Structures are given as structure tokens and as C-alpha cells.
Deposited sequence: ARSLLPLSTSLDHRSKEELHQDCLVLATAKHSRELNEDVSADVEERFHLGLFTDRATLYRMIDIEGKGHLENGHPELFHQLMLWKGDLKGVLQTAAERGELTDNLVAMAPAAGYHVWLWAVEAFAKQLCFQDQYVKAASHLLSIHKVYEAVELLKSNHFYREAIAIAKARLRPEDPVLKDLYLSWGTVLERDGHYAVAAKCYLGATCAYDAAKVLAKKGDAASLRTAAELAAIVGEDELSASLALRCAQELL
């Protein structure tokens, strides 16, 4: 895998003349500074404050190399996990890997990181993944609403039907809202399945009939009969016959 300390490693692989200079500077420093500042790679052998200087230089290098994930992975070593998550979020660089580490700072920090990751995924055109993350933090209704408002009706219903009681109004509204849109666009057969899902079978027969063809009228008539809307069934059946003349 890729090294998290490439600049300092490269500095440590220089000529013996540079290594000899390093030993002297290092011996001087450990024996109770501009030399040390120049030779930042000595942070590995000096003190924590010079180590952190070295790490910050390597982190800057990872950003200038288009590798923000290594920057964040490296800053985790220094310990400010919340600070790492804050700047990762501000930069739109949250990842599953960083969210997976968020519970080290407490449940509350993970909650915030999951929600921030979900916002970021919406901006990255990954609504379904974002909804799944909202589910992980028990925000079932928010996940459903996110998918509904972005026209992922299929997935919203699946989640809603999996987690809510069958009679929950949110579930019924998903069926109706999807059916409505389908009807407007002319997908009458699919809209009818939707209204059936919402336990509005009368409207389901009607919408199938809006197509106007004989096949749709027949099935609409037979649908009404199954449900006990015999009067509607008779009228649709008569319309079916009229279309075949």
C-alpha cells in the first residue's frame, strides 16, 4: 500500500554525506534549531513537536498530490479525531473509512459524521447510499423523505415497507405520490399497481381505464370485479365492448 510519510522517507534515503549531517544535527538537538527546522525529517528521531511539524509537512504534500485521504489518515495519528472529521467535512472529503473511525470520539460524534456524510453524498449524486446511512442512525422517516423528494420512489417504498407498520401514512403516501406522477406521465398500468398498494382499488381500476384501449378497459373491469366494485366493473366492461365495435 501507499506510504503515509513519502517526503521524510525520501529524505532518509539520501547520500551518506546527508546522513552524516543528520546524525550531527540530531546529536546536537538531543543534547539539549534552524538546522533542525531545515531537516524536518529528523522529527521521527527528535521530539513530538518536531514530529508534528514533519507530519504537517507530509500532510500538505498529500494534498498537493491530490491525495486528501492520506492527509486525513495521517492527521488521525496526532489524535484530534473530531478536528480531522470537521475539516474533512468542510472539504467534502468524508469517507466510509473516516465515518468508521468516528465512534472513537463518542456516539454523538458518529451521529454527526453519518449525517454530514449523507449531506455530502447527496451533493455527489449518491442519494440511495445517503439514505442507507440515515437508516444507520435510525432516521427512517428522513431517509424515506430524502428518496421521495429526489424521485427514488421504488427505493423509498422498499425502505418504508421494510421498517414501518403496514398502515403507516408515510407508506400510503409514497404509493399515492408515485402513482400520481406515473398517471400524469401516462404510465397508467404502473399507477394502478401503486394505488393498489395504497389500498385504493377503486382508483386503480379508474386509472387503468384512462388509457382508453380495449385491453386496459377489460383488465380494469376485471380488477373492479375482484375488489367488489361491481357497478364500476359493469360500466368499464360496457366501455370495453364499445371500443371493440
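Not built in the structure, per the record, is the single deposited stretch 33-39.
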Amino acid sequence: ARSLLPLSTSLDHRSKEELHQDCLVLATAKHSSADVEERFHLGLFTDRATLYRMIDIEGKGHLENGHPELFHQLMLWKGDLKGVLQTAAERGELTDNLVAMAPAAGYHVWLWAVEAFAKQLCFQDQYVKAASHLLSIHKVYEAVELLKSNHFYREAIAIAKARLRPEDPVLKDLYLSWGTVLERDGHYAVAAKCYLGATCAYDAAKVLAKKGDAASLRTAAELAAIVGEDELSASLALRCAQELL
From here on, numbers count along this sequence of modelled residues.
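Relative to one another, 172-180 and 34-42 have unequal mean CA B-factors, and 34-42 is the one with the higher figure. Mean CA B-factor, 105-113 versus 67-75: the higher value falls on 67-75.
Among the modelled residues of its chain, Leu121 has a C-alpha B-factor that falls in the lowest third according to the deposited record. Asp96: CA B factor in the lowest third of modelled residues in this chain (values from the PDB entry). Ranked within its chain, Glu155 lands in the lowest third, by CA B factor from the PDB record. The PDB entry assigns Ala201 a C-alpha temperature factor belonging to the middle third of its chain's modelled residues.
In this PDB entry, the Cα temperature factor of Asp80 sits in the top third of its chain's modelled residues, the highest group.
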